[PDB]
2 protein chains.
Amino acid sequence: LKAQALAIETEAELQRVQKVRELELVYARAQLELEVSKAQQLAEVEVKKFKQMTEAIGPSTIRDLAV
Amino acid sequence: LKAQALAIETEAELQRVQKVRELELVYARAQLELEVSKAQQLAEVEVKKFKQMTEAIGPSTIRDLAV
């Protein structure tokens with residue numbers, strides 16, 4: 001009889017753990033694409049701002065700011 | 001019976017956690033585009049202000065301010 005109750009509460013527990021973790025995995029990957037969305041989109045403003053003012057000086061004079 | 005009540009309060013809890021986090025994800029990505037909106041738009045005033053006064057000196061004389 002002690003094994004019957006161990007099966008009942010094991011069935012109950014795994015129904016919950018499964019139903020929880022599967023739903024938490026949806027939230028986990030939504031945070032990811034939002035994280036990736038940020039890192040790549042702030043990397044655009046970094047590159048483009050570097051590219052604009054790298055040509056203003058010119059890639060012929062920038063070699064003469066640390067000699 | 002203890003497993004019935006564990007299913008009832010697990011169903012209740014996950015209905016809330018799901019409904020909360022899904023709505024918080026909307027606010028989370030609205031803060032992002034506003035963050036990206038700032039970083040790129042203040043990077044314009046930085047580049048353009050650098051570009052205007054980089055030509056005033058001229059990219060032929062700026063090499064002679066640290067020799």
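Lettering of chains follows the sequences in order, A, B, ..., and the numbering in each one begins at 1.
The shortest distance between side-chain heavy atoms of A/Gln31 and B/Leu25 falls below 4.5 Å.
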Can you give the donor-acceptor pairs under 3.5 Å from side chains of residues 36-57 of chain B to other protein atoms, not counting sequence neighbours?
none

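For residues 5-32 of chain A, the set of pairs meeting the salt bridge (charged side-chain N to carboxylate O under 4.0 Å, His left out) definition, not counting sequence neighbours, comprises A/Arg16-B/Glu13.
Here the CD1-CG distance, from A/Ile8 to B/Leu1, works out to 9.5 Å after rounding to the nearest 0.5 Å. Annotation: the span from A/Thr61 atom OG1 to B/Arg63 atom CZ amounts to 4.0 Å, rounded to 0.5 Å. In this structure, B/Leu65 CG and A/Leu65 CG are separated by 9.5 Å, a value rounded to the nearest 0.5 Å.
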